[PDB]
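What follows is a short report on a single structure.
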Amino acid sequence: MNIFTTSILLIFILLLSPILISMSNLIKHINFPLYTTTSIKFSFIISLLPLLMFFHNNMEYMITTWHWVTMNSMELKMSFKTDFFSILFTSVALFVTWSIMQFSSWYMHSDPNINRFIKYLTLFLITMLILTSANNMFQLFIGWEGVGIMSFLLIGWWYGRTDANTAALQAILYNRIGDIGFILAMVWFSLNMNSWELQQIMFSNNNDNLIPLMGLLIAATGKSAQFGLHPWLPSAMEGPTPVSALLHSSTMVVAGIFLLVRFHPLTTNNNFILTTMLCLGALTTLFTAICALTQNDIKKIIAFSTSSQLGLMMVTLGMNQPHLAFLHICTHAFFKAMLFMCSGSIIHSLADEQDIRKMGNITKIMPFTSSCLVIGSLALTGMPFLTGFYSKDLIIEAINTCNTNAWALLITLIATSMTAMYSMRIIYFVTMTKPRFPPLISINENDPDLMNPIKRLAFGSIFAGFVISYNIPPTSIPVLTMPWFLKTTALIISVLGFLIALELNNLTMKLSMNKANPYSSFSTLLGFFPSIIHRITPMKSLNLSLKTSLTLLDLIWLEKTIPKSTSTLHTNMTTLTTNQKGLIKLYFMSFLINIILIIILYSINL
Amino acid sequence: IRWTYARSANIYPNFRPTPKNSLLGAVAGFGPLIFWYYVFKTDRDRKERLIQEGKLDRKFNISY
Amino acid sequence: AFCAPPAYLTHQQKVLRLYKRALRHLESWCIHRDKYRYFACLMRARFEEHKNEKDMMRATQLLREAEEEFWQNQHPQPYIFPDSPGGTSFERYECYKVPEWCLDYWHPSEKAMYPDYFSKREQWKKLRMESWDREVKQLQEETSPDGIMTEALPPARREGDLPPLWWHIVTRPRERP
Amino acid sequence: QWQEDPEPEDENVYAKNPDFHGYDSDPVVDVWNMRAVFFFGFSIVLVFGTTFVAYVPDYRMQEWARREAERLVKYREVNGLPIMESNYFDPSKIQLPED
Amino acid sequence: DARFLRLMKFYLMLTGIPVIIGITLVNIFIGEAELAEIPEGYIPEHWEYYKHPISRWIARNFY
Amino acid sequence: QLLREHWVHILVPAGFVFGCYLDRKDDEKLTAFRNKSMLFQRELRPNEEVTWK
Amino acid sequence: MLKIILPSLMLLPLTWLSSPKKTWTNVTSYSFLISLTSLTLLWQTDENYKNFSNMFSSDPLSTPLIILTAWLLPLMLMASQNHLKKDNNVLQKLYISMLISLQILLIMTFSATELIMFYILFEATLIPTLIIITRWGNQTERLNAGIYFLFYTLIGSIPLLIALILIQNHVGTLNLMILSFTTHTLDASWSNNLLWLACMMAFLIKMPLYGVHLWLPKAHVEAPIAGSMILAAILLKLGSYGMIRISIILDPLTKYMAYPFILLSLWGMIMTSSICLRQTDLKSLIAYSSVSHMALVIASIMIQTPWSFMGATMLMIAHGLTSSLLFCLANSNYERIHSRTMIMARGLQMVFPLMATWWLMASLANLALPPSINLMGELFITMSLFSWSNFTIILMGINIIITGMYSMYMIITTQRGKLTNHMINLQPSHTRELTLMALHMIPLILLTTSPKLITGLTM
Amino acid sequence: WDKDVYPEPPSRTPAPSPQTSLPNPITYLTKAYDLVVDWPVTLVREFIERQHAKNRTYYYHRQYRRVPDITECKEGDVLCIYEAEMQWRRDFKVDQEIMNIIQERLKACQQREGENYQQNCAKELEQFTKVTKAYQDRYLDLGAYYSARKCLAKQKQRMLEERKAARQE
């Protein structure tokens, strides 16, 4: 049909209109952030229509809008896979991006080049919608690398400080360590299947796709940050908070797990891939959760929350239940956006200070922000009817109703408890205790570019999971016949984590000199994984790159072997040759020697 | 400027060949070379063997 | 940032810097104000004891022992003020601190958009050019003949003079442009 | 010393001719050099060359190949023929040796 | 860094806009060629094997 | 016709014209197989004397 | 082709007979027009290639190099206009004549039918380059650089002459169409392996291999700019073209005489990019990146597959454009600081926020950005190498990582940071040197929009 | 377009069959979309079509006639070899486009059958595998310098292997 395709293409066209007008002379004479915000709003309103059509008929179109080039039986062409996942992610991303745009018009004033910030956000969203709607894999890689660079540029927004740049280069490094596996998979599918489109890769379903799936594992490990490549995500907080909320908690951090969701029919048959996904995701969900404990910066706490819930989603892909992982994507979006925007309100209200030890009594001095933040934290936990239930309940139900691995189950349960714990930690140290902030109070929660976006995300975080779950078509069959201590295990364990954190954060109010531990620093520091690896691995790399590469091969030994040997040989032959003295006696003696050699050669050869 | 000159042009004048220079250079030049030689050689030999035996799974390899 | 450090760096400010960073890491541990106040009074007691020793081979070992027991209780994530090193907002606005000399390359279409500013700026530069030679002479005729010197930058003694080496202190870009 | 001239110090341009472009000292020559560059490089080359290259037909016999492929699959599958046999030439006119 | 952009866009639009208008007017009123078969001993010219008017104009004249 | 500092603009167009003439001369030189190739070999049309010149 | 290289000769009297004040303008505009008329030979509506005479031909491998050579000349000519502006007019005109001679000879190379024509022209290219490097370089190492750059080439090329002479005495023609249709399988003896080496180790020097590359940094670092543009853009590709032409008469020896060179290229690519990670000199960083790129082209041509030759062509053109662009960007700062040391000036993007976009785009071209003819080439030769052996991606991935690293490090430690406030001599910008980067980048975007042209013999 | 080259089964859709006494926003938005977008667009395209038909122009396909193949060609005669290599390269490009057509058929079948594709998309699967094996026995293990002579040597080696096989009783 025309309506469906027309709307899909019109979304991208609307999103490109701001980038067009930015390269014009019309950024002046208008208000560019409002124009962009309105473009995102109209794009969302248009994207609703494909969503309703799909919920009605469930058709999963496929478009090939433009042919690019043929390469000996390989038609590279722009083509979109407009399935369930694409539409449901497009709508959600546009919602969150509209809200983040209003916020980033409130926040980020005091910046003259705010329009550059807005343009970069639009470009990230465009690369994300390319990555998310793709049918090929070259197009998907375009969006992949686009997300990567956009994160480099937005993390490194304030290009004066030499920590944002380190964060950006770090992100780039880990994303490339993922892109190795991406390119490995792309190479394998090109060589064997002679194509990059999913419609052919689906015919590899019984073909021992081990190493391409390992490549996709590495790719999503790097992008949707997991343990082996985890550090870049909390380090991607030196950038502004709307950057964090939009990219590093909803979209760039979900690219790779979306990719694994899009390759689920190949994983049904490989069990080793499932097993390693399970163990790796569980490791992340434990590690980042216990590391969020004993953190003072809010932004890092939300980063580790993202990593933990993302490990839970990779745990879900560890079994044949990817659609539930995608529901958790679409629901996690609202929580993280709201949390980061409440954090940014709390921050920009007072000075740039982001640490809960100087935040104080926010239930009373900011009722709106506290209300929304508590709603978001409760929904992040498995609260029974706020869009965290409608995934997480089914998640834990599935994982304690499956026969895979017991340590993964156990540490995921502990990690859910820890989710309750650090949510309670924020709610205590930020929202309940007495004021620790400085005494000049300059709070202003009243701005319609602030309250309306978090209000929209709150209606989201209360209603959208209900709506989605009761509108989507049924897939990924659920199991529900089981004892009571498995249907209420997430609720129980979240409540119990809340209780423990309440008690333990009350324990600090009394007077007793607490001490450091071998624990509490493996959490405060990140298992010392940064503090070791980031200063040995580059050390040996760079030392081996100067010596043993430049000043050992190229500058001494390749000069001593090939050119300088030649020079010394020819000049030494010159010296022993042409250092003659002007005496005809010796010349004529040599002439006689030549006479003798010529006659001897004649007598011999003959 | 002194730094750049010490790290660009003042190298070979002060380079004196010694043990732990010559052996180190021979290793770091010709070792990875030989390692990757035998890796790729084993792979290609195994591949052409399994081809000429008339076995290899190349069910869709078209573009190569 | 404005005052330059000495070489010797005697005992007293070592002890005081220890007191400061210890109280700060204690504030980090003792998050709530009542607890930090209690333990700060206890720490001031710990420092008041051994305040008067007259034994520079006992106070130094007390210093070393105190620094060691500080390092064994150094908070890993202490409090750091923003706009301070190791913290947020430190060099954030350094991307927005353009120097003064960039105006020398402006066109006469932007300078026409701000005429009174450049009217004052030209006479500022004239002041600079006038005071430079006397400033150089003053720094030349006040050199420590023994050889040793500091980054102390003596002031102007006479009238009509300007405090030497001031164009980089004055004219330093604002911290929030 | 050996009687050489000293280094001429750092020239600034925009003092003289603050509309300097990058080409010459004469303000007229800079203008009529940048106009030349912009015109001859953008407006004719990067425009008309793109047009020429875009309206070249059947670059390396591509559209033709697709059309022939279409009619040939049509013929071969209408007449029950084996589409794309496994030997380009016929053994009707190939002579192999014995042993 | 704005003068350059103004001149860039000006000199590029100068022949982009007339050229683009030419493309559109050709494609509307002088549109593409249809397919046909050889009418039994016609021997076409070489440009009659091409589709677009611009392309076959180029071919008729300069090739 | 004063102060011809602009006649030099004829050298490169002259070179272009001359080069096209020389290529024309070369493909006049190579007028063998003009209608003898096994692929085209068409009989001459009623008003035709050469096939591609 | 004659219609392309006769006007190129007429550009020389256009220099010498024009006014001192109206010589850069006329020659620049007319060079742009030569570039325009060098698009007629993209009219290939057929599979058969374009023979204009016994001398000249043009295949889809020739044509991109032809067009790029004709297109670089205006860019070299405008980039060469700030320095040697205070030079005497005759010296200017001599520079112009050398650049135009390079244009003519290189077009003749890429258009040649025989290998001896290609030889004498491939070697005639040395004289302009040497003159440019030596009379107009700023430093004193330019002389040793010229000696290296000349004698590496000649050492490699004398055996090439001997092998071509042998092939003439054996076959009779040395023309490339006939050597294609008449090529006898080789008996696989030492007398033919030496022939392989003699035919190849002239081009492999010029590309270059990692065993022999010391001429390329010493020349790029010391040539003024335009020499660096050419030496990065087409003189390296003048070896790849030759390999692609001459390999057809060396089968089946390429199946086993190629292991050492593939291996050297791969490992030394890693070595060179690691060097680029840690290098005080910006103009040397670009050069070692060029080595690390051309090594892939070496391996690709050695594999002799369609994907591989294709990606080689793509990488050739892309690398040429983006490398010339990066050399221009470094020269833009060198014309002010007069220092190649990169960590000297490290806090730009305040004063030059638009050039800092050209920097970014030039680097993203350099690293593997997908919608780009750089990643298409790198990916297709990676796929060819994986087909060849699956254990090569382990090296290509290390290269990809280091190649993101050194490029982003270049950008950061040159642009991002705190401005070096002690640099009052950072003049705003030149419309000339902005148009330069625009003319380097706009082709990349266009060719990405249509890479059907930029492929080679095989597609 | 040509539904014999590019076959498409008929898009049989079920009748709506509603149960609610409530509205569907899809259909009324479709009416609005039609009478807003499709009507002026159809007007414009009908205008453009009649302006085409005012001055209609035709183009052809250039039937290339067959030529003596290389097996009928003498070792050294470069003219015959040139013509044969040319017609071979022509057929080669055509074969790549055939392979592309069949891959396109396979993908479209996979999408329309969607979930239940590995039981009723086997026809196009086998039609892909057969032509794939043909290409593999026809063009695969050559290199960049493929030619009629190399394909012929390959065919000859393979016929020799087949003869040696069928030698066995």
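Sequence lines, in order, name chains A, B, C, D, E, F, G and H.
Just so we're aligned: 133 in the numbering used here is position 133 of the first sequence, and the numbers increase by one with no gaps anywhere.
If you count the second sequence from 1, you need to add 606 to reach the numbering used here.
If you count the third sequence from 1, you need to add 670 to reach the numbering used here.
If you count the fourth sequence from 1, you need to add 847 to reach the numbering used here.
If you count the fifth sequence from 1, you need to add 946 to reach the numbering used here.
If you count the sixth sequence from 1, you need to add 1009 to reach the numbering used here.
If you count the seventh sequence from 1, you need to add 1062 to reach the numbering used here.
If you count the eighth sequence from 1, you need to add 1521 to reach the numbering used here.
A virtual CB, placed ideally from N, CA and C, is assigned to each residue, including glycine.
Worksheet item: Would you say the segment 456-472 of chain A touches the segment 731-745 of chain C, given that touching needs at least three Cβ pairs under 8 Å?
Response: No, the segment 456-472 of chain A does not touch the segment 731-745 of chain C.
Worksheet item: Should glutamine 580(A) go down as buried or exposed, given a rule of 16 or more other Cβ atoms within 10 Å for buried?
Response: exposed
Practice prompt. Answer with yes or no whether the minimum CB distance from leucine 958(E) to chain D is below 8 Å.
Written response: yes
Discussion item. Can you check whether the C-beta of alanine 1574(H) is within less than 8 Å of a C-beta belonging to chain D?
Written reply: no
Item to complete: Mind checking the segment 1614-1630 of chain H against chain D and listing, in chain order, the residues whose C-beta falls within less than 7 Å of any C-beta there?
Response: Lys1614, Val1615, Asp1616, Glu1618, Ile1619 and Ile1622
Practice prompt. Keeping to the same chain, check which residues put their C-beta closer than 7 Å to that of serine 307(A); ignore five residues upstream and five downstream.
Written response: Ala225, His230, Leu233, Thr284 and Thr288
Discussion item. Given a cut-off of 8 Å on the beta-carbon distance, is the pair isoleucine 149(A) and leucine 1426(G) in contact?
Written reply: Result yes, Cβ atoms of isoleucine 149(A) and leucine 1426(G) sit closer than 8 Å.
Worksheet item: Considering only residues of the same chain and omitting the five flanking positions on each side of residue 1529(G), which have a CB-CB separation below 7 Å?
Response: Nothing can be reported for residue 1529(G): it is not among the residues displayed for chain G, which extend from 1063 to 1521.
Practice prompt. Would you give the residue range spanned by the alpha helix (DSSP H) that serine 1242(G) belongs to?
Written response: 1238-1243
Worksheet entry | Rounded separation between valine 243(A) and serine 512(A) - CA only | 40 Å
Practice prompt. Rounded to whole angstroms, what's the CA-CA distance from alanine 236(A) to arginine 425(A)? Just pull it up for me.
Written response: 22 Å
Worksheet entry | C-alpha gap between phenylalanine 1649(H) and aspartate 83(A), whole angstroms | 26 Å
Discussion item. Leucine 943(D) and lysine 1677(H) - do their beta-carbons sit closer together than 8 Å?
Written reply: yes
Practice prompt. Would you verify that the beta carbon of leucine 1509(G) is, or is not, closer than 8 Å to some beta carbon of chain E?
Written response: no
Discussion item. Looking only at its chain, what residues have a beta carbon closer than 7 Å to the beta carbon of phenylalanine 751(C), apart from the 5 residues adjacent to it on each side?
Written reply: If we look at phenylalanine 751(C) and ignore the five residues flanking it on each side, its Cβ neighbours are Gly757.
Worksheet item: For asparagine 31(A) and chain H, any beta-carbon pair shorter than 8 Å?
Response: Judged by the 8 Å Cβ criterion, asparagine 31(A) is not in contact with chain H.
Fill in: Exposed unless 16 or more other CB atoms sit within 10 angstroms - verdict on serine 377(A)
Buried.
Item to complete: Determine, using beta carbons only, whether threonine 1444(G) and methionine 1458(G) come nearer to each other than 8 Å.
Response: Result yes, Cβ atoms of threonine 1444(G) and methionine 1458(G) sit closer than 8 Å.
Worksheet item: What are the start and end residues of each continuous alpha helix (DSSP H) run of 4 or more residues lying completely inside the segment 1347-1408 of chain G, in chain order?
Response: 1368-1399
Discussion item. Am I right that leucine 394(A) and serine 99(A) are in contact with their C-beta atoms under 8 Å? What's the rounded C-beta distance?
Written reply: Going by Cβ atoms, the distance from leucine 394(A) to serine 99(A) rounds to 27 Å, so no, they are not a contact pair.
Worksheet item: Between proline 1368(G) and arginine 907(D), what straight-line distance do the alpha-carbon atoms span, to the nearest angstrom?
Response: 16 Å
Worksheet item: If you compare alpha carbons, which of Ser345(A), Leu502(A) and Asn444(A) is closest to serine 423(A)?
Response: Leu502(A)
Item to complete: Would you identify the three-state DSSP class for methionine 1521(G), choosing helix, strand or coil?
Response: coil
Worksheet item: What are the start and end residues of each continuous alpha helix (DSSP H) run of 4 or more residues lying completely inside the segment 892-917 of chain D, in chain order?
Response: 897-901
Worksheet entry | As assigned by DSSP and simplified to three states, the class of residue 1037(G) | Outside the shown range of chain G, which is 1063 to 1521, sits residue 1037(G), and nothing can be said about it.
Fill in: Cβ-Cβ separation, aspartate 831(C) to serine 801(C) (assumed contact under 8 Å), whole Å
7 Å
Item to complete: Sort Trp1198(G), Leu1391(G), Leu1216(G) and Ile1462(G) by Cα distance to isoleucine 1182(G) and report the nearest one.
Response: With distances taken between Cα atoms, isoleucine 1182(G) lies closest to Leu1216(G).
Fill in: Any C-beta of chain H under 8 Å from that of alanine 979(E)
Yes, its Cβ sits closer than 8 Å to a Cβ of chain H.
Fill in: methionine 341(A): first and last residue of the uninterrupted beta strand (DSSP E) it sits in
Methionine 341(A) -> not in any beta strand (DSSP E); alpha helix (DSSP H) instead, spanning 322-349.
Worksheet item: Applying a beta-carbon distance threshold of less than 8 Å, which residues of chain A neighbour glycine 1635(H)?
Response: Within chain A, the residues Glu60 have their CB atoms less than 8 Å from the CB of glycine 1635(H), given in chain order.
Item to complete: Taking only the alpha-carbon atoms, compute the straight-line gap between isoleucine 46(A) and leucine 10(A) and give it to the nearest angstrom.
Response: So the alpha carbons of these two residues sit roughly 8 Å apart.
Worksheet item: Is any beta-carbon of chain E found at less than 8 Å from that of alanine 1141(G)?
Response: no
Practice prompt. Starting from the C-beta of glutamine 354(A), find all residues in its chain whose C-beta is less than 7 Å away, skip the five residues before and the five after it, and write them out in chain order.
Written response: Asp297, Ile298, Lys299 and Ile347
Worksheet item: Quick one: which chain D residues come within Cβ less than 8 Å of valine 1588(H)?
Response: Within chain D, no residue comes near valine 1588(H); the closest Cβ sits about 13 Å away, beyond 8 Å.
Discussion item. My assumption, with CB atoms under 8 Å, is that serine 890(D) sits in contact with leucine 971(E). Please give the rounded CB distance.
Written reply: Wrong, their Cβ atoms sit about 20 Å apart, outside the cutoff.
Worksheet item: How about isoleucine 974(E): is its C-beta nearer than 8 Å to some C-beta of chain H?
Response: yes
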